[PDB]
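All remarks here apply to the structure that follows.
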Ligand SMILES: *[C@@H]1O[C@H](CO)[C@@H](O)[C@H](O)[C@H]1NC(C)=O
Ligand SMILES: *[C@@H]1O[C@H](CO)[C@@H](O)[C@H](O)[C@H]1NC(C)=O
Ligand SMILES: [Ca+2]
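Protein chains in written order, with the authors' numbering: chain B, 252 to 351; chain A, 99 to 147.
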């Protein structure tokens, strides 16, 4: 695979929905092998990477833990923009300068 | 009666609004918040008269 997990951390997901989203993203990462490359991005009126990774990294144990911690540390705030999040996701899937 | 109708319209606009947790806003809330100056203007008009 080449996932970009787009997480919708806007105001409307606060409380239970954010808890379910972060557990779901962790369990989604737990299905990624070492041949899959993954990044996790979050958008609320502007998209950003949840972690220090700026591109699709290999989905090995240590990178997956980095992404899991970044997702667990994520907070809900702001308005949603599905265009600035999908722009970010599609741009990151077109980044061929990195291992994929 | 036009004042009564605009008052009912203001009440309907207030009823139509939805509140989201942490700064999020529904797309319709933007329109229902941009419709305010008409109501404040009509109420200033009744006050002036
Ligand atoms: C990660 O958690 C720390 C500890 O509270 C916090 O200060 C920091 O803002 C969090 N990261 C982000 C990107 O908000
Ligand atoms: C990849 O490298 C090219 C040339 O060095 C650069 O123009 C581009 O911005 C880089 N990033 C992506 C995502 O293509
Ligand atoms: Ca939202």
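C-beta: ideal position from N, C-alpha, C; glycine also.
Residues of chain A whose Cβ lies closer than 7 Å to the Cβ of residue 330 of chain B are, in chain order, 121, 122 and 123. Contact annotation, residue 252 of chain B with residue 287 of chain B: C-beta distance approximately 4 Å; criterion of less than 8 Å satisfied. Of the heavy atoms belonging to ligand 1, none sits nearer than 7 Å to the Cβ of residue 290 of chain B. In the three-state reduction of the DSSP assignment, residue 307 of chain B falls in the coil class.
Nearest C-alpha to residue 303 of chain B among B/294, B/312 and B/317: B/317. Residues 261, 262, 295 and 296 of the same chain have their beta carbon placed closer than 8 Å to that of residue 330 of chain B, with the five preceding and five following residues left out of the count.
With 16 or more other Cβ atoms inside 10 Å of its own Cβ, residue 256 of chain B counts as buried. Contact check for residue 327 of chain B against residue 119 of chain A passes: the beta carbons are separated by less than 8 Å. Judged by DSSP secondary structure, residue 291 of chain B falls within the beta strand (DSSP E) whose first and last residues are 288 to 294. A direct Cα-Cα distance of roughly 57 Å separates residue 106 of chain A from residue 314 of chain B. Residue 102 of chain A has a beta carbon lying at 8 Å or more from every beta carbon in chain B. Boundaries of the alpha helix (DSSP H) around residue 103 of chain A: 100 to 114. Residue 293 of chain B has a beta carbon lying at 8 Å or more from every beta carbon in chain A.
Put simply, the backbone Cα of residue 270 of chain B is about 55 Å away from that of residue 147 of chain A.
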